[PDB]
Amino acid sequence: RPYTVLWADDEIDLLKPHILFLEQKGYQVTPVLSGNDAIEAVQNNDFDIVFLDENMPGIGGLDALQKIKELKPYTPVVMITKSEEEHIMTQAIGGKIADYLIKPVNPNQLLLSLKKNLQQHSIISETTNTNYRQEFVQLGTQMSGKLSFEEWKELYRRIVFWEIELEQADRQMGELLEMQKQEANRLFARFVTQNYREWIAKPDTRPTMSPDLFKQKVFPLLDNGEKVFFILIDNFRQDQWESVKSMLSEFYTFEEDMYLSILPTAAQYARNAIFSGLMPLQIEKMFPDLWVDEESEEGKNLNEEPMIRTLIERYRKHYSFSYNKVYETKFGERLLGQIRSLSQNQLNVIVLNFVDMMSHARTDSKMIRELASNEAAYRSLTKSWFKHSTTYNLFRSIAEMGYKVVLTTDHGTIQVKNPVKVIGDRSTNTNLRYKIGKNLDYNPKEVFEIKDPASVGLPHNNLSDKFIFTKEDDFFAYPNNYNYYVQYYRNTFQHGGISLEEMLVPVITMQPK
């Protein structure tokens, strides 16, 4: 079927050359001479696009626009007029005009406007597929050759970008990236297993990790006299920052970067390392009060504010600061009300936990299994919360206050696929991406064995304790009810292990506009 065009213009006869040209290109043009005729035509038909002229007898062009957008809000309306007035242009833009063309009109301009407003989705789709197939060989070739951390960053940023651009494409085109994604995870998995021990041993030569975050990305700005809001959104992947960055460009300049999470990828160690500036083991030694062991019943991140103080004082700084933790809407509302009473501190730290709460609810919540069945839904559901929670307005006010913002997280999360059999003490931790214990049977290769936790800067309730970690998208399953739990945990989001999603996380330094 060919596309239909409704063209309303009292001088429609002067446009015969254009109309023949359009009919020549396969379009079915319907002419009328008044806006009343135009509205009636829209009432009784389903045109694909409407060309309107501003100056007509009787009803005006912009009035027909308003009435037409009430009847067919999804049908693009192009305004084609002699007038160059600024109030006419403005009103048309406000009337939701799809495009505005000033007479005299190049016939080829009409052609462009018809392609862009009737086929931009189908066109963008075929280009994206083409441009992806173009870059496919480079991707596999880019990762094939062993590469540096800085290159690993760009490789992942690239895969994320493609993962988002291909949400709309067909399965076949989706799977080509999944393979590349998981193959990258496999290759990234072994990449960290080779160097993780030496990053702990050699802090000078290592990449930025959780204990260095405040030192590399926060202290420079504070020392430079800049006022900062450090926003920690627990469990915020790279692709979740891509999903929300468009909302924030309206208020901020982005200085995007990434850093490496320590293992395990969970708040107990990675987030405590961030605010303390130390590895968990050094937290237990130097500050035994502030560390909470794994076997304890109490929460494991209740002493982040005092840790911040030790970090500030340990570096001989005298920053004024504040700490707020929003784990419940109503608390985040009160914070949004008193936000501007924090204008005195050089550093305001806000922790948001809903995304981690939601990521976990993907397992034990019927609601979130549906609303985040897949990663695209997960990202969309993340966008909805960012917008309609206090978070959006929170950023808006901070931008008004002139505070720079370092937006980052403590770890990501990954959709788990394959079970890894493990058996341990009943008192063994219940995390599915890492386990702590002594009497643990498993296959050493299938996991990432750490028999000397002190070397990787991790404390232990005993001193025969060993750490094991899943890699890629694996997850631990116990032989009891193995058939059941593997069903229950397949395709859920789990953090604590090793993967590009979990470890490679964004740290965005944002300047208000």
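Residue numbers here begin at 1 and follow the sequence given.
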{"property": "420 to 428 or 362 to 370, whichever carries the higher mean Cα B-factor", "result": "420 to 428"}
{"property": "Between the two ranges 70 to 78 and 160 to 168, the one averaging a larger CA B factor in the entry", "result": "160 to 168"}
{"property": "Candidate residues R433, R190, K325, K96, the one whose C-alpha B factor the record puts highest", "result": "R190"}
{"property": "Largest Cα B-factor, entry values, listed residues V29, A64, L463, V42", "result": "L463"}
{"property": "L260 - Cα temperature factor, lowest/middle/highest third of chain", "result": "lowest"}
{"property": "Record-listed C-alpha B factor of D48: chain third", "result": "lowest"}
{"property": "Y403, C-alpha B-factor rank within chain (lowest, middle or highest third)", "result": "middle"}
{"property": "Relative C-alpha B-factor of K383, binned into the chain's lowest, middle or highest third", "result": "lowest"}
{"property": "Chain-wide C-alpha B factor ranking for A477, given as lowest, middle or highest third", "result": "middle"}
